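Student: Please see the structure below; I have some questions.
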Amino acid sequence: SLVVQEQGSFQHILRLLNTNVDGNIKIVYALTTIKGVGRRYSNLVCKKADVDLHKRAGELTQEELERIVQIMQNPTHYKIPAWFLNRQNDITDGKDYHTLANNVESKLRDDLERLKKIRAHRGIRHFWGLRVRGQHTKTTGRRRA
Amino acid sequence: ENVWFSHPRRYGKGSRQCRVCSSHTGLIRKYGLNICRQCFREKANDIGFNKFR
Amino acid sequence: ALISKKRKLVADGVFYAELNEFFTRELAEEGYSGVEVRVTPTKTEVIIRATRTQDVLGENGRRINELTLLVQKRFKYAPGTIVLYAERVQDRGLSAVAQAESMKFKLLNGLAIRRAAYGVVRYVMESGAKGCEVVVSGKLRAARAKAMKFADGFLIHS
Amino acid sequence: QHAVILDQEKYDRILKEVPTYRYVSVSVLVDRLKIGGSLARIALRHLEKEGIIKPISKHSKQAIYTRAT
Amino acid sequence: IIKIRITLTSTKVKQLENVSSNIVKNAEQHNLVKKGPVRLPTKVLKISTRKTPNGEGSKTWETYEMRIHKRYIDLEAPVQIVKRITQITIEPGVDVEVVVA
Amino acid sequence: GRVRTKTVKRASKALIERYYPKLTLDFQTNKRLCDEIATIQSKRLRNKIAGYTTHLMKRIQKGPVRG
Amino acid sequence: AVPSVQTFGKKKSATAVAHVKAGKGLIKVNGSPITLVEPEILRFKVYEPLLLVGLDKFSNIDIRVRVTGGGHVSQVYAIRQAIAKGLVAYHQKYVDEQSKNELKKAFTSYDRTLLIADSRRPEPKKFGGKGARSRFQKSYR
Amino acid sequence: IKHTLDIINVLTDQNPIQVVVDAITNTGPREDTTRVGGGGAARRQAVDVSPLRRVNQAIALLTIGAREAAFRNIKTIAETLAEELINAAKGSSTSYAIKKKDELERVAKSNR
Amino acid sequence: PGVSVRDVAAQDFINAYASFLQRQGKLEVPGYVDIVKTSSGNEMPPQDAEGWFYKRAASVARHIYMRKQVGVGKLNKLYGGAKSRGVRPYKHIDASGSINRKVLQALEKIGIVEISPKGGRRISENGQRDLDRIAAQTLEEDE
RNA sequence: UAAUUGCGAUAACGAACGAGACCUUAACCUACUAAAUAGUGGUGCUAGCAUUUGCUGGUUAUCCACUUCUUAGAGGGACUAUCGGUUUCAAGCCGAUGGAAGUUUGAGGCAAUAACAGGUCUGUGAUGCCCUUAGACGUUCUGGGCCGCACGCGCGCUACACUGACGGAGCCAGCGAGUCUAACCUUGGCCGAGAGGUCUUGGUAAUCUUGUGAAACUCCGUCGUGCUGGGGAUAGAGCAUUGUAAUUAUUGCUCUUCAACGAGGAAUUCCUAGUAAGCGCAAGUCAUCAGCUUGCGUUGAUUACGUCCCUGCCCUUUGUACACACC
Ligand SMILES: [Mg+2]
Ligand SMILES: [Mg+2]
Ligand SMILES: [Mg+2]
Ligand SMILES: [Mg+2]
Ligand SMILES: [Mg+2]
Ligand SMILES: [Mg+2]
Ligand SMILES: [Mg+2]
Ligand SMILES: [Mg+2]
Ligand SMILES: [Mg+2]
Ligand SMILES: [Mg+2]
Ligand SMILES: [Mg+2]
Ligand SMILES: [Mg+2]
Ligand SMILES: [Mg+2]
Ligand SMILES: [Mg+2]
Ligand SMILES: [Mg+2]
Ligand SMILES: [Mg+2]
Ligand SMILES: [Mg+2]
Ligand SMILES: [Mg+2]
Ligand SMILES: [Mg+2]
Ligand SMILES: [Zn+2]
């Protein structure tokens, strides 16, 4: 009974936050293809923004897409719990963030550089490129390429 | 009563030894035996353990 | 007490093994053969079967009551809840632990391996067993070790 | 890459090639006509809602339909 | 006239069996109701360990078993008869415990 | 396979030697006989004795044997 | 009163205790109808006895089965036995020998032994292998 | 298997067990080829097939064909087994079962 | 002529009781129903968001009818599953005790389950009565 | 014949060890003894619906009765029984019937002589000799290391997907373990997304944890041939637990990052039925840590019922320039 009779307003791959978002896949997994955001946070974002879960990403057009993107940038104001974000109790401010498409790589490099500048053993391992978690490199880690 | 002569051994090996040879390796602690496996093999026939199958 | 029957029975087994080790260590000279824990609530009875029970109650029960005090304080019982008894071991010849003790005595004296072992095996066979064998083994004559097996009679193996 | 929405040309197609064959299934729909599976299942739901196909059996992993008569 | 429970256990089946036969015999010449013994599941104490003293050779394992057999009988007897049962019936290895309730 | 050993063969031969009139042609009766006139200590071994004894009884009725 | 018989059915670990009595003619497992057991395709496996002999011979019998142990296939293959042995035991104890016999002929003509249980038992596992016959892979090098 | 035989009924009105029997009959490999020591090129010699081995190899060919033709596809195991059974019932040089039968027969008539 | 939840099928009855609890609505669900995974052994939240809690309520009510008394530990053990630990083998991990107890006390504040001695929760009078009447309508749903 | 297992032959006769016999376990017992620490049925009290008797339940001081299922102890049962073939017509073998069981019924335990210059003095207050024995190679304390990584191998665990992943519901085991002068297995209630925390409770244990409500499966739904919702390595941030102490993350949980892998070359391992394989659970080491082992159960195929071609083994004959013996 859920056949859709729309003709023209469907669209192919689209743009959202510096990422090529696929247009003929489901909305939650297209948000997953956006970097810095996974399946569970995407599903939560769609349900909380009252966006139609059932179908693809051709319609679910602009105004709901900016509802999506603004609850992505400011999650804490709309009863998204503090532990659901990826970076909480931060470096120098203590306020909870969610890093997105470019900021995730920029800030992982930033805190790696922080630990390199404080001259941690973790920094020494990340500098040599070895396994920084406690792992046995005697037998694994071959063919780094 | 002397200080500087002991370190906390209340958990794990060291705190437990074999009651026949004061060994720390290969203890059997099932049913509170507290004996090493080799000694256990020697004294099993006197303890009461008999192999059947 | 309040101990599970599982752990109580296995602790009784460990108790029996410790008595055996104790009485082998000190009771070697008079030919200790085997102990039995005749457990009775309110004064358990510990029967020692040995060869020279005159040489356990030698001087007016002296060493038997100091062994009683030793086992008492070793196993933390109330005084008078355990007493040792002595038995001559009927059929003393047909006791493998007594034969091993006698051969240990002969080898500590300095008897020849062949002579002492033939004496032991012939003594068992004349005492009335159906088979006997002695497997003394080690550095007997030269440096390299050798096993000498003295088997007389009839022995199953399986 | 397949078509996962109906642009009404796939719709009046599947309306006109429902008598063409006999054994209706998800994979039959996918191979005869380029539908990306989920719309084929939705179309099966719509056609069993108004059945010019009739069902033989309706397990989840596979649905077996043939023509109305 | 007190209703008590007597519970015996051992590892040697035959001496446990003739302990229990003695107990049921004595209760039967001094009947209380009939109270035949109730036989519990045998507890198999399983201890598995390696044969080798060192760590060399084929990996062969061994399983020693202890068998715990445990029975109980209910008696509803006066004082001296409860006593005379509990000191007369006694054999090596079999551990017998009496509880008032 | 089911080859019978020297214990059962020797025993059954002795039984059929010195107990021919009493022993019957049936396995059940013959094993009750073996239980009563032999102090055998194994049940399966007793069944083997009786089975081979029955086999020899049938062969004796068929014809004379050398054993 | 209550002319009832108690039978059992075993597979590998499942015990199905069937109470078979003279009543209106109902057949139930775990307090629920046979038409509601959940092995999905083995609904016919349960019906097998009821069906083979014929509904007629059950039109006067109330059977209730209580089931313990073993996985789902073990559960169903045990009901089969109980609703067939309880059947055979009831026709033994109360009705004609020719009737019980011809039921035995039908059961042994079609049988997956039904009335008798399977002697196959899980053999014990041996050291040196994760399975009962299979051993660990050796290397030589 | 129930779904497969349902698909068999939908594709053709005849009995699905008759379809299975016809498929096994038409894909039993009549002539196999065995191994001979044969110092040098280690030879093979054509040998006929006992009827139970015919039936076993027939069922094995059917199921292996269904497996490999529905490993990574939209089509399910029931559909693939049903179409393989249909084409094996009417050998149309399309079943993997009858293709393996045909290559077995041609290699046997070459190696005899 | 004689109706019980044992006499009605499971899936059907569970769908119909979920639909009834949807039509009534007095369940006072917690605010974090969209957040949860229903177990730490899961990785995705439930798909049918509008009725997963009510289906859980239907299943728990049927469970309380079927058994004598169970608790949140028994419910977590039942509704748990296999946890994917990555390259390591699967294990059984218990379900979400918070939503299990929320649905339990929600059924309490309806009046379907209550506190049973020696610990536990057991089926109520009107709870057994309304589960039996909806078992009826699922029996006579036939046209 | 599985078997120097037997029939027999016979300068050998009579014996012995081993094999077998034996012991344990898994199967059968509506035959015995029993049993609120295992159950079942009825009776009372009580709850729903139908009401017309009924169906599903609950109930410890409601009793009564029983042992089919559950436990055991004592026994019985299979000995290849009967029959038909085949064999000097003997040992036996094959087929069928009956039977719970007809591959020494299945599986183990134990298991000879002679050896290896097999391993182990790091299990042993078992040890000879040598070394050391007081700024000791004794012992103890602090901190590291045993994890260190250009690489090469050996056990494995996840997988490379729709016979599937996920999401709901359905819903079933067996082997076992558990606290006393200690703090174990934990039910139940409450807080918490979760891990976990807190207040109590039961259990020294067929009673309580625990019906260990296990997982694979079953059903209905989302996905859709896309390295994709497969796969979850490598990373970053945070929250907890154990511990005196976690930094080279002990582990657990949450979010994010989402790599190789598209079924694997030469080669090579294991396996004949409830076996392989899949699936989890318990125990061991354990304060914490299983991808390991030892057991257990769940689901349960295919293909042989042979041969000596490869790898070897046993016996006999034969050849030998070998005897540390074909390396
Ligand atoms: Mg296995
Ligand atoms: Mg589940
Ligand atoms: Mg897996
Ligand atoms: Mg009642
Ligand atoms: Mg014959
Ligand atoms: Mg054997
Ligand atoms: Mg040594
Ligand atoms: Mg140190
Ligand atoms: Mg190491
Ligand atoms: Mg290995
Ligand atoms: Mg699933
Ligand atoms: Mg159980
Ligand atoms: Mg995944
Ligand atoms: Mg462990
Ligand atoms: Mg560690
Ligand atoms: Mg290890
Ligand atoms: Mg020559
Ligand atoms: Mg020479
Ligand atoms: Mg050479
Ligand atoms: Zn030791």
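Here, A, B, ... name the chains of the structure tokens in the order displayed, residue numbers run from 1 inside each chain, and ligands are numbered from 1 in the same displayed order.
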Show me, as a ChimeraX atom specification, the residues that have an atom within 10 Å of residue C:55 when counting only C-alpha atoms (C1' of nucleotides), minus same-chain residues fewer than 5 positions from it.
Tutor: /C:27,29-31,50,61,63-64
Student: 9 Å from ligand 20 is the threshold here; counting only C-alpha atoms (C1' of nucleotides) and all ligand atoms, which polymer residues fall inside it? Answer as a ChimeraX atom specification.
Tutor: /B:17-27,34-40 /J:123-124
Student: Give me, as a PyMOL selection string, the contact residues of chain E against chain B at a cut-off of 12 Å, counting only C-alpha atoms.
Tutor: chain E and resi 10-12+44-55+61-68+93
Student: Mind dumping the selected residues with C-alpha atoms as a PDB file, in the first residue's frame?
Tutor:
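Saved to result-v6.pdb:
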```pdb
ATOM      1  CA  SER E  10      31.074 -42.306  51.916  1.00  0.00           C
ATOM      2  CA  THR E  11      33.222 -43.162  48.910  1.00  0.00           C
ATOM      3  CA  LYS E  12      33.249 -46.981  49.189  1.00  0.00           C
ATOM      4  CA  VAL E  44      31.271 -37.697  40.723  1.00  0.00           C
ATOM      5  CA  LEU E  45      34.283 -35.608  41.759  1.00  0.00           C
ATOM      6  CA  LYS E  46      36.102 -35.243  38.448  1.00  0.00           C
ATOM      7  CA  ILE E  47      39.726 -34.063  38.369  1.00  0.00           C
ATOM      8  CA  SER E  48      41.497 -34.031  35.000  1.00  0.00           C
ATOM      9  CA  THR E  49      45.214 -33.372  34.622  1.00  0.00           C
ATOM     10  CA  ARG E  50      48.200 -34.129  32.424  1.00  0.00           C
ATOM     11  CA  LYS E  51      50.110 -37.394  32.656  1.00  0.00           C
ATOM     12  CA  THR E  52      53.510 -35.816  32.055  1.00  0.00           C
ATOM     13  CA  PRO E  53      55.510 -34.353  34.955  1.00  0.00           C
ATOM     14  CA  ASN E  54      57.338 -32.122  32.446  1.00  0.00           C
ATOM     15  CA  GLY E  55      55.821 -30.747  29.237  1.00  0.00           C
ATOM     16  CA  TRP E  61      45.259 -36.431  29.704  1.00  0.00           C
ATOM     17  CA  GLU E  62      43.884 -38.411  32.608  1.00  0.00           C
ATOM     18  CA  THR E  63      40.683 -38.115  34.645  1.00  0.00           C
ATOM     19  CA  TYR E  64      40.631 -39.265  38.258  1.00  0.00           C
ATOM     20  CA  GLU E  65      37.177 -39.810  39.748  1.00  0.00           C
ATOM     21  CA  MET E  66      36.019 -39.820  43.344  1.00  0.00           C
ATOM     22  CA  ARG E  67      32.506 -41.141  43.929  1.00  0.00           C
ATOM     23  CA  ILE E  68      30.441 -39.670  46.765  1.00  0.00           C
ATOM     24  CA  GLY E  93      35.218 -44.374  55.949  1.00  0.00           C
TER      25      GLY E  93
END
```
Student: Mind giving me the straight-line distance from atom CA of residue F:8 to atom CA of residue F:48 in Å, one decimal?
Tutor: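 Going from atom CA of residue F:8 over to atom CA of residue F:48 covers 6.6 Å.
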Student: Give me, please, the distance in Å between atom CA of residue C:153 and atom CA of residue C:128, quoted to one decimal.
Tutor: 10.6 Å
Student: Ligand 3: which residues are within 12 Å, counting only C-alpha atoms (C1' of nucleotides) and all ligand atoms, as a list in words?
Tutor: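 So the residues close to ligand 3 are residues 82, 83, 84, 85, 86, 87, 88, 89, 90 and 91 of chain I; 157, 158, 159, 215, 216, 278, 279 and 280 of chain J.
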Student: Write out as a list in words which residues come within 10 Å of residue H:67 when counting only C-alpha atoms (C1' of nucleotides), dropping same-chain ones fewer than 2 positions away.
Tutor: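 The neighbour list is residues 61, 62, 63, 64, 65, 69, 70, 71, 72, 76, 77, 80 and 81 of chain H; 163 of chain J.
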Student: Write down, as a ChimeraX atom specification, each residue of chain H that has any atom within 12 Å of an atom of chain G, counting only C-alpha atoms.
Tutor: /H:1-3
Student: Would you output that residue set with C-alpha atoms, as an mmCIF file, in the first residue's frame?
Tutor:
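Generated output (result_38.cif):
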```
data_model
loop_
_atom_site.group_PDB
_atom_site.id
_atom_site.type_symbol
_atom_site.label_atom_id
_atom_site.label_comp_id
_atom_site.auth_asym_id
_atom_site.auth_seq_id
_atom_site.Cartn_x
_atom_site.Cartn_y
_atom_site.Cartn_z
ATOM 1 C CA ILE H 1 12.865 -28.533 -0.667
ATOM 2 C CA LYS H 2 9.179 -27.783 -0.033
ATOM 3 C CA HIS H 3 9.586 -24.374 -1.685
#
```
Student: Could you pull out the residues in chain B that DSSP calls strand (DSSP E or B) from the backbone, as a list in words?
Tutor: residues 13, 16, 27, 28, 35, 36 and 50 of chain B
Student: Restricting the output to C-alpha atoms, write the selected residues as a tab-separated table (two decimals), in the first residue's frame.
Tutor:
```
chain	number	residue	atom	x	y	z
B	13	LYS	CA	50.26	-16.98	42.93
B	16	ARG	CA	49.24	-19.97	47.31
B	27	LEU	CA	48.59	-25.94	41.47
B	28	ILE	CA	45.33	-27.84	41.80
B	35	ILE	CA	48.65	-29.47	45.75
B	36	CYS	CA	50.68	-29.47	42.55
B	50	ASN	CA	40.82	-43.93	41.34
```
Student: Hey, could you make a per-residue contact list for chain J against chain D with 9 Å as the cut-off, showing the nearest pair of atoms and its distance in Å to one decimal, counting only C-alpha atoms (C1' of nucleotides), sorted by chain and number, as JSON lines?
Tutor:
```
{"residue": "J:162", "atom": "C1'", "partner": "D:61", "partner_atom": "CA", "distance": 8.6}
{"residue": "J:219", "atom": "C1'", "partner": "D:60", "partner_atom": "CA", "distance": 8.5}
{"residue": "J:220", "atom": "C1'", "partner": "D:60", "partner_atom": "CA", "distance": 6.9}
{"residue": "J:221", "atom": "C1'", "partner": "D:60", "partner_atom": "CA", "distance": 7.9}
{"residue": "J:223", "atom": "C1'", "partner": "D:38", "partner_atom": "CA", "distance": 7.9}
{"residue": "J:224", "atom": "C1'", "partner": "D:37", "partner_atom": "CA", "distance": 6.2}
{"residue": "J:226", "atom": "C1'", "partner": "D:1", "partner_atom": "CA", "distance": 7.8}
```
Student: For those residues, write N, CA, C and O atoms (P, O5', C5', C4', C3', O3' and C1' of nucleotides) to a file as a PDB file, in the first residue's frame.
Tutor:
```pdb
ATOM      1  P     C J 162      25.865 -16.844   0.303  1.00  0.00           P
ATOM      2  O5'   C J 162      24.411 -16.530   0.853  1.00  0.00           O
ATOM      3  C5'   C J 162      23.512 -15.777   0.055  1.00  0.00           C
ATOM      4  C4'   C J 162      22.113 -15.802   0.601  1.00  0.00           C
ATOM      5  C3'   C J 162      21.034 -15.990  -0.455  1.00  0.00           C
ATOM      6  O3'   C J 162      19.961 -16.754   0.079  1.00  0.00           O
ATOM      7  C1'   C J 162      20.754 -13.887   0.607  1.00  0.00           C
ATOM      8  P     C J 219      10.453 -21.059   9.351  1.00  0.00           P
ATOM      9  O5'   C J 219       9.399 -19.911   9.668  1.00  0.00           O
ATOM     10  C5'   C J 219       8.038 -20.220  10.019  1.00  0.00           C
ATOM     11  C4'   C J 219       7.451 -19.096  10.834  1.00  0.00           C
ATOM     12  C3'   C J 219       7.448 -17.735  10.161  1.00  0.00           C
ATOM     13  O3'   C J 219       6.326 -17.562   9.310  1.00  0.00           O
ATOM     14  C1'   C J 219       8.273 -17.522  12.367  1.00  0.00           C
ATOM     15  P     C J 220       6.527 -16.923   7.870  1.00  0.00           P
ATOM     16  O5'   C J 220       6.424 -15.359   8.147  1.00  0.00           O
ATOM     17  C5'   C J 220       5.199 -14.756   8.599  1.00  0.00           C
ATOM     18  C4'   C J 220       5.483 -13.472   9.339  1.00  0.00           C
ATOM     19  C3'   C J 220       6.155 -12.367   8.542  1.00  0.00           C
ATOM     20  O3'   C J 220       5.273 -11.625   7.707  1.00  0.00           O
ATOM     21  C1'   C J 220       7.175 -12.539  10.666  1.00  0.00           C
ATOM     22  P     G J 221       5.810 -11.034   6.323  1.00  0.00           P
ATOM     23  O5'   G J 221       7.014 -10.047   6.747  1.00  0.00           O
ATOM     24  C5'   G J 221       6.811  -8.618   6.637  1.00  0.00           C
ATOM     25  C4'   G J 221       7.738  -7.853   7.552  1.00  0.00           C
ATOM     26  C3'   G J 221       8.975  -7.218   6.913  1.00  0.00           C
ATOM     27  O3'   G J 221       8.692  -6.049   6.150  1.00  0.00           O
ATOM     28  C1'   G J 221       9.569  -8.191   8.957  1.00  0.00           C
ATOM     29  P     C J 223      13.382  -2.441   2.653  1.00  0.00           P
ATOM     30  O5'   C J 223      14.881  -2.969   2.563  1.00  0.00           O
ATOM     31  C5'   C J 223      15.963  -2.134   2.944  1.00  0.00           C
ATOM     32  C4'   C J 223      17.264  -2.892   3.026  1.00  0.00           C
ATOM     33  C3'   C J 223      17.838  -3.369   1.710  1.00  0.00           C
ATOM     34  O3'   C J 223      18.471  -2.324   1.000  1.00  0.00           O
ATOM     35  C1'   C J 223      18.085  -5.047   3.374  1.00  0.00           C
ATOM     36  P     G J 224      17.846  -1.799  -0.381  1.00  0.00           P
ATOM     37  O5'   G J 224      18.697  -2.563  -1.480  1.00  0.00           O
ATOM     38  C5'   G J 224      20.084  -2.772  -1.283  1.00  0.00           C
ATOM     39  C4'   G J 224      20.494  -4.157  -1.702  1.00  0.00           C
ATOM     40  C3'   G J 224      20.023  -4.605  -3.072  1.00  0.00           C
ATOM     41  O3'   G J 224      20.815  -4.027  -4.102  1.00  0.00           O
ATOM     42  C1'   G J 224      19.657  -6.332  -1.502  1.00  0.00           C
ATOM     43  P     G J 226      27.011  -6.319  -8.471  1.00  0.00           P
ATOM     44  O5'   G J 226      27.346  -4.973  -7.689  1.00  0.00           O
ATOM     45  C5'   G J 226      28.166  -4.996  -6.533  1.00  0.00           C
ATOM     46  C4'   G J 226      28.073  -3.710  -5.749  1.00  0.00           C
ATOM     47  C3'   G J 226      28.828  -3.677  -4.425  1.00  0.00           C
ATOM     48  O3'   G J 226      30.194  -3.315  -4.572  1.00  0.00           O
ATOM     49  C1'   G J 226      26.619  -2.825  -4.140  1.00  0.00           C
TER      50        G J 226
END
```
Student: Please provide the set of residues having any atom within 12 Å of residue B:11, restricted to only C-alpha atoms (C1' of nucleotides), with same-chain residues fewer than 3 positions apart removed, written as a PDB file with N, CA, C and O atoms (P, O5', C5', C4', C3', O3' and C1' of nucleotides), in the first residue's frame.
Tutor:
```
ATOM      1  N   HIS B   7      55.832  -7.569  50.873  1.00  0.00           N
ATOM      2  CA  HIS B   7      55.013  -6.987  49.826  1.00  0.00           C
ATOM      3  C   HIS B   7      53.691  -7.738  49.819  1.00  0.00           C
ATOM      4  O   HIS B   7      53.662  -8.929  50.141  1.00  0.00           O
ATOM      5  N   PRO B   8      52.572  -7.063  49.495  1.00  0.00           N
ATOM      6  CA  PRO B   8      51.255  -7.704  49.637  1.00  0.00           C
ATOM      7  C   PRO B   8      51.039  -8.928  48.760  1.00  0.00           C
ATOM      8  O   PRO B   8      50.978  -8.825  47.531  1.00  0.00           O
ATOM      9  N   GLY B  14      52.081 -17.108  44.519  1.00  0.00           N
ATOM     10  CA  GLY B  14      52.853 -16.621  45.667  1.00  0.00           C
ATOM     11  C   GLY B  14      52.129 -16.705  46.995  1.00  0.00           C
ATOM     12  O   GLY B  14      52.669 -17.250  47.963  1.00  0.00           O
ATOM     13  N   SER B  15      50.912 -16.160  47.068  1.00  0.00           N
ATOM     14  CA  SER B  15      50.060 -16.361  48.231  1.00  0.00           C
ATOM     15  C   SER B  15      49.656 -17.820  48.386  1.00  0.00           C
ATOM     16  O   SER B  15      49.392 -18.272  49.505  1.00  0.00           O
ATOM     17  N   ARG B  16      49.599 -18.565  47.288  1.00  0.00           N
ATOM     18  CA  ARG B  16      49.239 -19.973  47.311  1.00  0.00           C
ATOM     19  C   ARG B  16      50.433 -20.827  46.917  1.00  0.00           C
ATOM     20  O   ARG B  16      51.126 -20.534  45.938  1.00  0.00           O
ATOM     21  N   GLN B  17      50.662 -21.886  47.683  1.00  0.00           N
ATOM     22  CA  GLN B  17      51.735 -22.829  47.426  1.00  0.00           C
ATOM     23  C   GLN B  17      51.185 -24.241  47.527  1.00  0.00           C
ATOM     24  O   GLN B  17      50.106 -24.469  48.077  1.00  0.00           O
TER      25      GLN B  17
ATOM     26  P     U J 242      35.249  -3.475  42.236  1.00  0.00           P
ATOM     27  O5'   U J 242      36.448  -4.423  41.797  1.00  0.00           O
ATOM     28  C5'   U J 242      36.249  -5.816  41.610  1.00  0.00           C
ATOM     29  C4'   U J 242      37.516  -6.486  41.154  1.00  0.00           C
ATOM     30  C3'   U J 242      38.756  -6.155  41.962  1.00  0.00           C
ATOM     31  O3'   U J 242      38.850  -6.919  43.151  1.00  0.00           O
ATOM     32  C1'   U J 242      39.247  -6.058  39.642  1.00  0.00           C
ATOM     33  P     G J 243      39.237  -6.213  44.539  1.00  0.00           P
ATOM     34  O5'   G J 243      40.783  -5.874  44.380  1.00  0.00           O
ATOM     35  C5'   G J 243      41.746  -6.910  44.288  1.00  0.00           C
ATOM     36  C4'   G J 243      43.031  -6.419  43.673  1.00  0.00           C
ATOM     37  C3'   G J 243      43.700  -5.242  44.363  1.00  0.00           C
ATOM     38  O3'   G J 243      44.458  -5.629  45.496  1.00  0.00           O
ATOM     39  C1'   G J 243      43.646  -4.868  42.029  1.00  0.00           C
ATOM     40  P     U J 244      44.078  -5.081  46.957  1.00  0.00           P
ATOM     41  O5'   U J 244      45.105  -3.891  47.208  1.00  0.00           O
ATOM     42  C5'   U J 244      44.803  -2.576  46.772  1.00  0.00           C
ATOM     43  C4'   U J 244      45.994  -1.657  46.872  1.00  0.00           C
ATOM     44  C3'   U J 244      46.425  -0.995  45.574  1.00  0.00           C
ATOM     45  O3'   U J 244      45.649   0.150  45.273  1.00  0.00           O
ATOM     46  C1'   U J 244      48.327  -1.825  46.735  1.00  0.00           C
ATOM     47  P     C J 286      46.174 -20.074  39.457  1.00  0.00           P
ATOM     48  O5'   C J 286      44.965 -19.068  39.228  1.00  0.00           O
ATOM     49  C5'   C J 286      45.183 -17.793  38.647  1.00  0.00           C
ATOM     50  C4'   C J 286      43.905 -17.000  38.536  1.00  0.00           C
ATOM     51  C3'   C J 286      43.075 -16.857  39.800  1.00  0.00           C
ATOM     52  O3'   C J 286      43.581 -15.900  40.714  1.00  0.00           O
ATOM     53  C1'   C J 286      41.664 -17.306  37.949  1.00  0.00           C
ATOM     54  P     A J 287      42.939 -15.785  42.184  1.00  0.00           P
ATOM     55  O5'   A J 287      41.707 -14.799  41.991  1.00  0.00           O
ATOM     56  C5'   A J 287      41.021 -14.256  43.106  1.00  0.00           C
ATOM     57  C4'   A J 287      40.688 -12.806  42.875  1.00  0.00           C
ATOM     58  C3'   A J 287      40.248 -12.448  41.466  1.00  0.00           C
ATOM     59  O3'   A J 287      38.876 -12.717  41.238  1.00  0.00           O
ATOM     60  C1'   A J 287      41.835 -10.868  42.248  1.00  0.00           C
ATOM     61  P     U J 288      38.373 -13.228  39.801  1.00  0.00           P
ATOM     62  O5'   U J 288      38.825 -12.081  38.796  1.00  0.00           O
ATOM     63  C5'   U J 288      38.096 -10.867  38.692  1.00  0.00           C
ATOM     64  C4'   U J 288      38.681  -9.973  37.630  1.00  0.00           C
ATOM     65  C3'   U J 288      38.838 -10.602  36.257  1.00  0.00           C
ATOM     66  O3'   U J 288      37.634 -10.580  35.512  1.00  0.00           O
ATOM     67  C1'   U J 288      40.823  -9.452  36.841  1.00  0.00           C
TER      68        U J 288
END
```
Student: Within 10 Å of ligand 5, which residues show up when you count only C-alpha atoms (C1' of nucleotides) and all ligand atoms? List them as an MDAnalysis selection string, please.
Tutor: (chainID F and resid 55) or (chainID J and resid 82:85)
Student: Write as a ChimeraX atom specification the residues around ligand 16, taking 8 Å as the cut-off and counting only C-alpha atoms (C1' of nucleotides) and all ligand atoms.
Tutor: /J:285,292-293
Student: Should the cut-off be 7 Å, what would the residue list for chain J against chain G look like, counting only C-alpha atoms (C1' of nucleotides), as a PDB file with C-alpha atoms (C1' of nucleotides), in the first residue's frame?
Tutor:
```pdb
ATOM      1  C1'   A J  26      26.330 -45.269  27.619  1.00  0.00           C
ATOM      2  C1'   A J  27      22.011 -47.892  26.037  1.00  0.00           C
ATOM      3  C1'   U J  56      -5.606 -24.010  31.513  1.00  0.00           C
ATOM      4  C1'   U J  68       5.423 -44.417  34.490  1.00  0.00           C
ATOM      5  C1'   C J  69       9.001 -40.488  33.815  1.00  0.00           C
ATOM      6  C1'   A J 107      33.380 -45.876  24.046  1.00  0.00           C
ATOM      7  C1'   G J 154      53.038 -23.975  13.657  1.00  0.00           C
ATOM      8  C1'   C J 172      14.631 -25.984  24.017  1.00  0.00           C
ATOM      9  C1'   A J 173      19.918 -28.905  26.963  1.00  0.00           C
ATOM     10  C1'   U J 218      11.609 -21.386  14.062  1.00  0.00           C
ATOM     11  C1'   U J 269      45.552 -32.442   8.076  1.00  0.00           C
ATOM     12  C1'   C J 270      41.391 -35.036  10.304  1.00  0.00           C
ATOM     13  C1'   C J 271      37.329 -38.261   9.624  1.00  0.00           C
ATOM     14  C1'   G J 274      24.359 -39.997  16.468  1.00  0.00           C
ATOM     15  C1'   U J 275      30.604 -39.977  13.438  1.00  0.00           C
ATOM     16  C1'   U J 298      21.964 -29.056  20.676  1.00  0.00           C
TER      17        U J 298
END
```
Student: Please provide as an NGL selection string all residues within 12 Å of stretch 15-26 of chain D, with the sequence filter that same-chain residues fewer than 6 positions apart are discarded (counting only C-alpha atoms (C1' of nucleotides)).
Tutor: (:D and (8-9 or 32-48 or 50-69)) or (:H and (3 or 6-13 or 73-76 or 78-79 or 82-83)) or (:J and (162 or 224))
